[PDB]
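In what follows, a single structure is set out as structure tokens and then discussed.
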Amino acid sequence: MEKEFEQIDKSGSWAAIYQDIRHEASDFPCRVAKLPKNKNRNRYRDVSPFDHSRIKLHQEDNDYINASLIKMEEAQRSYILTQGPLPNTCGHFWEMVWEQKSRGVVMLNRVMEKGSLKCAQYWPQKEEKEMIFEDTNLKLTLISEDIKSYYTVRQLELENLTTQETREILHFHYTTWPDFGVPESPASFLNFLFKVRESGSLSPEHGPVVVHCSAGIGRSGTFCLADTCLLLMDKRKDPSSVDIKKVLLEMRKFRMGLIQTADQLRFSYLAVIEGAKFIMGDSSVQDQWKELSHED
Ligand SMILES: O=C1C[C@@H](c2ccc(C[C@H](NC(=O)C(F)(F)F)c3nc4cc(C(F)(F)F)ccc4[nH]3)cc2)S(=O)(=O)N1
Ligand SMILES: [Mg+2]
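See the structure below:
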């Protein structure tokens, strides 16, 4: 991976490598997503979930939500990748979180980027102004927030108003990841990923973590590809055996377009190679990522 990385850098073939993945990527139908009645549930006409892996809402009216279950069998971890919710799909979004029993939500975009709306304000910004999604019978309250320089971690309480059951949902918000861009450095990305891991949100005891950006494929795909590769390195107890391009193709069987630019692919290599140090036993690299990230 490292020598393949340098080989690609030397010859400047990141674009060629990335285009090959695009050409080889799976193509499955997205009939449900394309139904006329679901047009207002899709943020982008060219980003849809495959029918075979789409998440179904547990409601009779219309069970559609632009979200995909990325089930990585060998690594033993599943993620739900979804688009940033629209003003009319925020209730659907939390219904999915509730039904799929997710413990964490990872957001990699901002509500507004470069002057345009990319995601609805689907969570409460203030403790005293909780949100009620009447269409879904759910209530969401901000309990507390831990604000860092480039990301914020929020504690939310989600309540099923019908049963009165409540659950704590952790919200991991990366606020400086530019659209179609990459994190400031491998260290800041890994420090964030390990914060999510240490929280317990990715544990198989919970439902799949929900990951999203604006379309739920570029930044979200980068986040999941790095996490799955690192997980696979330890799962196999053989880090050098992990082929990142093959892992990306496997993930693309579940949702189209994961990793949206050749540079995000390049960053993925960088993050995984650096992350492999922790897998290889370096018990000091984690604290180094934290320092290099300047989260204070
Ligand atoms: O890093 C990223 C890219 C974002 C992204 C936003 C929106 C779309 C769909 C959008 N659709 C639409 O805008 C529309 F529905 F088709 F009009 C979209 N933006 C595009 C830009 C180019 C580019 F190469 F020229 F940059 C090519 C195709 C594009 N599709 C895809 C990815 S993300 O939220 O997935 N993270
Ligand atoms: Mg206040």
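Under the deposited numbering, the first residue of the sequence shown is numbered 3, with each subsequent residue one higher. Positions of the beta carbon are idealized from the N, C-alpha and C atoms, including for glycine.
Discussion item. Any heavy atom of ligand 1 closer than 8 angstroms to the beta-carbon of residue 266?
Written reply: Sequence index remark: in the sequence shown, residue 266 carries index 264 (1-based). Yes, Cβ of residue 266 sits closer than 8 angstroms to a heavy atom of ligand 1.
Fill in: Cα-Cα separation, residue 188 to residue 276
On the sequence shown, residue 188 is found 186 positions in, with the first residue counted as 1. On the sequence shown, residue 276 is found 274 positions in, with the first residue counted as 1. So the alpha carbons of these two residues sit roughly 7 angstroms apart.
Practice prompt. Tell me whether the beta-carbon of residue 34 lies closer than 9 angstroms to the beta-carbon of residue 108.
Written response: Locating residue 34 in the sequence shown gives position 32, where the first residue counts as 1. Locating residue 108 in the sequence shown gives position 106, where the first residue counts as 1. No. Outside cutoff.
Worksheet entry | Identity of the residues DSSP links to residue 39 by a beta bridge | For the purposes of this step, residue 39 is taken as residue 37 along the sequence shown, with counting starting at 1. Note: residue 39 sits in no beta bridge, so no partner.
Worksheet item: With which residues is residue 141 paired in a DSSP beta bridge?
Response: Mapped onto the sequence shown, residue 141 falls at position 139. For residue 141, which the question treats as bridged, DSSP gives the partners 134 and 161.
Practice prompt. Can you list the residues near ligand 2, meaning Cβ strictly closer than 7 angstroms to any non-hydrogen atom, in the order they appear in the chain?
Written response: 128, 129 and 130
Worksheet item: Helix or strand or just coil, what does DSSP make of residue 170?
Response: For the purposes of this step, residue 170 is taken as the residue at position 168 of the sequence shown. Looking at residue 170 - three-state DSSP - the assignment turns out to be strand.
Worksheet item: Are the Cβ atoms of residue 110 and residue 225 separated by less than 9 angstroms?
Response: As a working note, residue 110 is residue 108 in the sequence shown. As a working note, residue 225 is residue 223 in the sequence shown. Yes, these two residues count as a Cβ contact at 9 angstroms.
Worksheet entry | Cutoff 6 angstroms; reference residue 227; Cβ partners in own chain excluding five residues on either side | Here residue 227 corresponds to residue number 225 of the sequence shown, with the count starting at 1. Result list for residue 227: 250 and 270, in chain order.
Item to complete: Taking 8 angstroms as the threshold, find out whether the region 252-261 comes into contact with the region 22-32 through three or more Cβ pairs.
Response: yes
Worksheet item: If you draw a straight line from the alpha carbon of residue 163 to that of residue 125, how long is it in whole angstroms?
Response: Taking the first residue of the sequence shown as position 1, residue 163 is located at position 161. Taking the first residue of the sequence shown as position 1, residue 125 is located at position 123. Distance between the alpha carbons of residue 163 and residue 125 is about 17 angstroms.
Worksheet item: If you count every other CB in all the chains shown that lies within 10 Å of the CB of residue 197, and 16 or more means buried, which is it?
Response: Locating residue 197 in the sequence shown gives position 195, where the first residue counts as 1. With 16 or more Cβ atoms within 10 Å of its Cβ, residue 197 is classed as buried.
Discussion item. Within a Cβ cutoff of 8 angstroms, which residues of the same chain sit near residue 116, ignoring the five residues on either side of it in sequence?
Written reply: Stepping through the sequence shown from its first residue, residue 116 is reached at position 114. Same-chain partners within the cutoff: 181.
Worksheet item: So what does residue 72 bridge to, in DSSP terms?
Response: Reading the sequence shown from its first residue, position 70 is the one you call residue 72. BP columns for residue 72 point to 81.
Discussion item. For the structure I just gave you, are there three or more beta carbon pairs, one from the region 152-160 and one from the region 229-244, closer than 8 angstroms?
Written reply: no
Discussion item. Within a Cβ cutoff of 8 angstroms, which residues of the same chain sit near residue 206, ignoring the five residues on either side of it in sequence?
Written reply: In the sequence shown, the residue the question calls residue 206 occupies position 204. Cβ within range, chain order: 78 and 79.
Discussion item. Between residue 138 and residue 97, how many whole angstroms is the CB-CB distance? I'm expecting something under 8 angstroms.
Written reply: As a working mapping, residue 138 is identified with position 136 in the sequence shown. As a working mapping, residue 97 is identified with position 95 in the sequence shown. Contact holds; Cβ gap of about 5 angstroms.
Discussion item. Is residue 49 near ligand 1 - that is, is its Cβ less than 8 angstroms away from at least one heavy atom of it?
Written reply: Working through the sequence shown from its first residue, we reach residue 49 at position 47. Yes, since a heavy atom of ligand 1 falls inside the 8 angstroms radius drawn around the Cβ of residue 49.
Fill in: 9 angstroms Cβ cutoff met for residue 253 and residue 209
Here residue 253 refers to the residue found at position 251 when the sequence shown is read from its first residue. Here residue 209 refers to the residue found at position 207 when the sequence shown is read from its first residue. No, these two residues do not count as a Cβ contact at 9 angstroms.
Item to complete: Quick one: give me the first and last residue of the beta strand (DSSP E) that residue 56 is part of.
Response: In the sequence shown, counting from the first residue as 1, residue 56 sits at position 54. Start and end: 56-58.
Worksheet item: How far does the beta strand (DSSP E) with residue 214 in it reach, from first residue to last?
Response: Stepping through the sequence shown from its first residue, residue 214 is reached at position 212. Looking at the DSSP string, the run of the beta strand (DSSP E) that includes residue 214 is 211-214.
Discussion item. Residue 105 and residue 8 - do their beta-carbons sit closer together than 9 angstroms?
Written reply: One-based indexing of the sequence shown puts residue 8 at position 6. One-based indexing of the sequence shown puts residue 105 at position 103. Contact flag unset, no.
Worksheet item: Cβ atoms of residue 264 and residue 192: under 9 angstroms apart, would you say?
Response: Taking the sequence shown and counting its residues from 1, one reaches residue 192 at position 190. Taking the sequence shown and counting its residues from 1, one reaches residue 264 at position 262. Not a contact, by the Cβ cut-off of 9 angstroms.
Worksheet item: Relative to the C-alpha of residue 230, which residue among 296, 195 and 201 is closest?
Response: The residue you call residue 230 lines up with position 228 of the sequence shown. For the residues 296, 195 and 201, the minimum Cα distance to residue 230 belongs to 195.
Worksheet entry | Per-residue burial, residue 202 [other beta carbons within 10 Å of its own, 16 or more giving buried] | Position 200 of the sequence shown, counting from 1, holds the residue named residue 202. Residue 202 should be labelled exposed.
Practice prompt. Helix, strand or coil for residue 271, going by three-state DSSP, please let me know.
Written response: As a working note, residue 271 is residue 269 in the sequence shown. Three-state result, residue 271: helix.
Fill in: Those runs of the alpha helix (DSSP H) which lie wholly inside the region 171-243 and span at least 4 residues
188-200 and 221-238
Fill in: Burial state of residue 69, where buried means 16 or more other Cβ atoms lie within 10 Å
For the purposes of this step, residue 69 is taken as residue 67 along the sequence shown, with counting starting at 1. When all chains shown are included, residue 69 counts as buried.
Discussion item. Residues in the same chain with beta-carbon distance under 7 angstroms from residue 103, minus the five sequence neighbours each way, listed in chain order, please.
Written reply: Taking the sequence shown and counting its residues from 1, the one referred to as residue 103 is at position 101. Correct list, in chain order: 208 and 209.
Practice prompt. May I have a chain-ordered list of the alpha helix (DSSP H) segments no shorter than 4 residues that lie completely inside the region 246-295?
Written response: 246-253, 264-281 and 287-295
Discussion item. Using the three-state DSSP reduction, which class does residue 2 fall into: helix, strand or coil?
Written reply: No answer is possible for residue 2: the residues shown for the chain start at 3 and end at 298.
Worksheet item: Quick one, which of 42, 282 and 221 has its alpha-carbon nearest residue 67's?
Response: Residue mapping note: residue 67 aligns to position 65 of the sequence shown, counting from 1. Here the closest residue by C-alpha is 42.
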